[PDB]
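1. Following this: a sequence and the matching experimental structure.
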Amino acid sequence: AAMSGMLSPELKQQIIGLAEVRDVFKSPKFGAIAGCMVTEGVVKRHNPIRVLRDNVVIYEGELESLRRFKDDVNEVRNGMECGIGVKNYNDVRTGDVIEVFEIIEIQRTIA
RNA sequence: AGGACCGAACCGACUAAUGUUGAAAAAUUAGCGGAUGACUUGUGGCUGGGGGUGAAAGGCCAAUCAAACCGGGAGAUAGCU
RNA sequence: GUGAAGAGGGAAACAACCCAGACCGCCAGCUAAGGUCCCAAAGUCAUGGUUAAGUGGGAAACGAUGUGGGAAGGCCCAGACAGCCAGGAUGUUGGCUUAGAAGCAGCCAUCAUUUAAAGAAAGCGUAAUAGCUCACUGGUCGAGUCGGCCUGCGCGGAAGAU
RNA sequence: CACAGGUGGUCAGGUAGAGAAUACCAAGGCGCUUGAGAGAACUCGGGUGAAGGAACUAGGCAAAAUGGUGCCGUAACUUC
RNA sequence: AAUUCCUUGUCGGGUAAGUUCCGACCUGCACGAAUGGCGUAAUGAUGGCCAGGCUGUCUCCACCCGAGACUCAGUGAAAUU
RNA sequence: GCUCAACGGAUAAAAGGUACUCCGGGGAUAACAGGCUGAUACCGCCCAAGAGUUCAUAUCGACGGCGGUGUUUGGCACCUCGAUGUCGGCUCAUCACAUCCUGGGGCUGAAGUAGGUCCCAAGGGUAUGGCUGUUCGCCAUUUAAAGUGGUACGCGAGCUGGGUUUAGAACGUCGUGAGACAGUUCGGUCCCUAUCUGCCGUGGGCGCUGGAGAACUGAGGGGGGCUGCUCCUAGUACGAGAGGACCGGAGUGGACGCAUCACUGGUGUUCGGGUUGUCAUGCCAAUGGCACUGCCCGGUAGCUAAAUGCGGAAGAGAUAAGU
RNA sequence: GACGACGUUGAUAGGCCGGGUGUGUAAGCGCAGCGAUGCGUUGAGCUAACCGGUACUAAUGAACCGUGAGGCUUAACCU
RNA sequence: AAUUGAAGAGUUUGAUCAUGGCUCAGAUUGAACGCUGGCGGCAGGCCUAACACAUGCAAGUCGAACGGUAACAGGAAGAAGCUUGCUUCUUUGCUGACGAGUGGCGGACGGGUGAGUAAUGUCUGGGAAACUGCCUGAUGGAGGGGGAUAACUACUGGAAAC
RNA sequence: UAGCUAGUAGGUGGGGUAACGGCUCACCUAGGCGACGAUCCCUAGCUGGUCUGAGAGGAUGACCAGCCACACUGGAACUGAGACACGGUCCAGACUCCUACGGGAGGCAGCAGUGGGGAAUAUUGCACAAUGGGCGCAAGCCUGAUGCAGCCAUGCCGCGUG
RNA sequence: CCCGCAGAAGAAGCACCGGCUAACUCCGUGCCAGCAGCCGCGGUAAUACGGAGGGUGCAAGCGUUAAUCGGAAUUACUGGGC
RNA sequence: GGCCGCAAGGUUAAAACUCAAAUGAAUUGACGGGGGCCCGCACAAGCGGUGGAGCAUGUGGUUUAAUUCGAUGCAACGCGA
RNA sequence: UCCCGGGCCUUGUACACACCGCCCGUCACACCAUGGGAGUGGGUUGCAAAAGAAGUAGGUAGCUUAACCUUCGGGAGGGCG
RNA sequence: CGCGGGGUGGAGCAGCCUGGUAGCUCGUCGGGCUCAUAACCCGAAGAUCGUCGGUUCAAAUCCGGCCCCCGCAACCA
RNA sequence: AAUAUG
């Protein structure tokens, strides 16, 4: 039992939401704000994201600020206009899609 | 000695309940603050409306005030009900 | 086009839907839409069929020997289809990047003998032999049998709060 | 309004008490202009309470509790 | 932080358990030196947090004493329609 | 001779705040809520590559599809702006079943115990705290289980006013400023005596066919329907072992409901006693008034819980899913 | 309102008599002490609504409302 | 005849002399560890946990204080299996002794420990206000009576202790 | 650590101890101790000696012997000449054992020995033959005091390994 | 304690050797691996490491470590400075 | 930590740890943008050049299959050659 | 007199791998011990209260009691509480 | 359509209303100073003066367009 | 006032 607990396995990396960004905006703090439109799922704040262009991943990271208008809501559903920005991401281009995914741990047993 | 301390009258009105066509168009009950001071109160006077006064809230100026009341312009105007 | 500015009849109720434009009066008749078992005025009318779900009387993808009708086809008294009595093999335990494989998640072709017929292949599935059953085939029984197409009406899918 | 409100000054008894507090009384003035019964709900204003003692709640709100004189004693901190 | 959006930041103390609180870090969205900065004894019907005591605030409400309600007699409203 | 560009040109010549506000109107037009719709959401299903040591469908499920429910996030502005008080809590519920537990059953990659998933089932039950105004959520510790929803995101002519759209003030930020923020921070009046409908109770009138007093048959309607742990069977079945039953029977609890005061207690200002201050009955003694019953100590009945008795069932009939 | 008991051929209520329960050694008097105070008399006095008895007082004889043989038709019995 | 004995070196600087610290040669220990290891004598041997303990033993002894037979060692008496010289088994405290009990004296010595205690302590040097078993010296009493008790019997409370 | 002391300092009277005394009370007086270190804090048994040193000193207090204190922790009394009692009594605390669950029993800082500490220190031995105690007239009994042996090179000293 | 029996038979290790400090060369390693009390050795001739030969000290003991004094006239009264 | 002070600070006064020296003075030599004295195309006073121009030669650099190796401030660069 | 190189004497010095020397501190990196540090968690101990086993000492109505006194009925004294 | 100030060499300027070979700084590449480097000193490279039309003897400087940068603007998930 | 530094 002591051994089984020791294990730390998370077996799920399922996407929480997938969104495409369009019409980039400029921000002083993060350097960029990429306007987005969520096509599927729900976008969340602290959940990690995977930025990819043409099926290959241009950049990776975890969201710092999710803001729509001046509301700055922590959650955005699908087919609702949304806004996004992140630190350490220099180049925003249209046509790419950002994939957000939640992280969960399955847990482990000994045998 | 003291805009000192506790505490009646006196002045002030923080909390709670009652009252909410009430007894009262802001009070009663049980608590509470100051209470020799920037204190309080009588009587009379002065400051008059785009003006007054204001330890300043746009409060107060006769049960009212982001401009009193009364009369007149006046049957203002109202593309509105 | 109707209402708005049109009442009336029907659609249970329901301006705008259907039928139809109210001059007034009558205790007449024939009709429109819509109906004809009763509530509620008129067929429990007549004739040929469908459904058995209360479908009708809300709801799809999709599923199913529900049932009605129709045009063709495969197999079959040299014995079909479904039962029952049997056989179920040899190259071959098949070479094999193989610990072990002798059919199987693996390997590859998928060829080749004996035979009425039996696949280097169908499986619940072993420590490996297997134990067992099936495709295929013999005997028994003796007349229909198998499942695609077109189409009527039904079935499940079908769970909401007074 | 015959209104639980407001309204300046003067007079200041006995006992207990520091006291014009407060209680009980003297002098004096009052029982407040609807009463009678019933003794349920429930509300208003009060008293008491087993055990637990803030678990209530936005919040110790409200209640409860502390409550006087003399002596002893009295911390952090300080502009002493 | 009366200032901090993300946010209940992260760390430590308190609690069985603390989005508040107390003490730090500093990534100060958006403190900053008389539109004053940071301390500060005393003081406050001041804001937030904690302990003791204390108790019908509560678990969970019971009884009792008054004034209404209730009945009878007299007088006799109201908003509304 | 006019970018009178707002271009059929109101002046030659004009920008703002109002939460200190005010007037006239509007559901012609927003916010709360209803309604329509169902994209979105939630839920169920169709195809099944693949995962599952083999094996699609024990349990999951790519790539895509088709519905349901009216339930979140939205759309529209149809009801109400000569007024429908908005978040939550408290109190009080009621219904739906896509069932959290208990009851029944299939499959299981179901040994047993304990689970997974799906069907049938709404009778009953379905936690108290810490922090935050919060619902929610996180955390602590319980419980057989701490269901998911409707009901104007139930419920203010019932309560709360902490959140949040007033009037004070301040910080941060924005503007030159008045001020502003869907950014915080402190403080900040919750009216209404019930005609009708409804319900909880309790009466009067009349009828039921001559009138009257009793006892009933029971159409119909309501209440109740919860469950742990322990022991025996049995340390038996099962299982390598650890561990550990079904079926059936016997005890004792938690919550809830009804009754009751006999006990154990509370109350007990109508009973007795102690005692502070004062006045009075001439005074002493002994009593009485008043001061929250003056303050206290005990306590008769009655009422009542924390107190002690009992209940939920068994059995019968027809069935759901299943066999 | 109703509902239950009883109204003199009477225990309905109040009182009364006894008992219980409650409080817990009254008042008076005597004794001891200077006095407060104690002690004996004495578990005394007093005691609501409770328990068991008792007509002592009050529930008097009457009126009021309510009636006087109870429809028609048919069937089965009976003169 | 008897507390008759005194060592230095290395290192600061390019080198030198002072000042000055550090380091080493000596002896010693209630020692340990590392490696090795023949015998003997004497002495030493939980310095930390004053941390806690199994088991045996570490204080008993007097019959010459006293009532006593509970043990086995005799002697005595009796009854028997018999070998004619003995054993065997019940009586008797007659005795060598002695369980338990009353009494006397010792359990205040011996042994252990170094927790406390910076002075009711210790060491040293004085003092006066005391007692002191057993052991000694000195001068006299040891007269005469009474009422209890353990042990042991009769019961009874205990699981054991009592 | 510069101020510390109410029985505190002294007296009188009473009680108290075997004995002087604030030893312990009543009353009276305001003194007592302290810079020559009171009080408080930290550490520690002291001494003959041990070790070192030429000496003076320094460090040290095993074994041996004297004195003191302590006996699981805390507190108190009894018996007795002597104990405010190591293996005695009671009470309380912690701990362990026995139990019929009502209640009892136990204290290695004695000798051996074990757990545990730590770098590390011992045989659950033999004998009362001796020496010194206890009791007794004595025999004699008891004596983990003592005398001996075992163990380890721990130290000192002698000898061998030619 | 004494007598007899058999036979060199049964019995020597440890530190250290750069100076202090008695006692040296070679080989290997090459600021590597290690030594060390102090000052210091080793980066390709190491008497300083490791091994070997030789040697010195000491002996059932030998070293290291810890402990106290001495040296330390460096708490100095004896017996020092400013 | 105590005392003193309005403050700044004073006063009394450690330990852990770390280094193997620190310091004093003196000597020789070097150096000084220390002083004196003194010499040399060292400067001054002159004359003619280099650095530019074209070429030669040596070097570095670059490049290359090799551009052999060595010389590098004066004291290497028509150097060894 | 000035620049460069050199000699002699004298002077200063923290240079003696000899001024191309030596050498200070912030800051950045790593390690070590230590101070302050909201408080937490122990030891020991002062002061002011609570508590009162066992035992001893005092005071005792009650219960009980072989030795001694007696008028034989009980005392004196003891113990238990 | 909407304000400011500027365009010169690699970068930033001066030369402007005062119209005749465009000079002044940092960089660039050399040289000098030093034992050497930093620093400093002597020097050379380096241009349609934004781009055009106007205008003039010759316009860098003269006007207006095209155009660009900055300024505040005004935007600012 | 001419210069660090190595």
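-> Nice, thanks for sending it over. Numbers count the residues shown, from 1 in each chain, chains lettered A, B, ... in the order given.

2. so the nearest residue in space to residue A:21 that is not next to it in sequence is in which element?
-> In this structure, residue A:21 finds its nearest non-sequential neighbour in residue A:34, 3.8 Å apart by Cβ to Cβ, 6 or more residues apart in numbering. C-betas here are computed from N, CA, C, even on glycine. Assigned by DSSP states H and E, residue A:34 falls within strand A:33-41.

3. Likewise for residue A:88?
-> Using DSSP H and E, no helix or strand contains residue A:88.

4. Next to RNA strand F, which bits of chain A? Give me the list.
-> Within chain A, the positions near RNA strand F by Cβ under 7 Å from any atom of the strand are A:40-41, A:70-72, A:77-80.

5. Roughly how far does residue A:96 sit from residue A:50?
-> Applying Cβ to Cβ, to the nearest Å, the value for residue A:96 to residue A:50 is 11 Å.

6. Sheet-wise, list the partners of the strand ranked longest in chain A with their directions.
-> Assignment by DSSP state E gives strand A:15-25 as the longest strand of chain A. Looking at strand A:15-25 with DSSP bridges, its partner strands are strand A:33-41 (antiparallel), strand A:97-101 (antiparallel).
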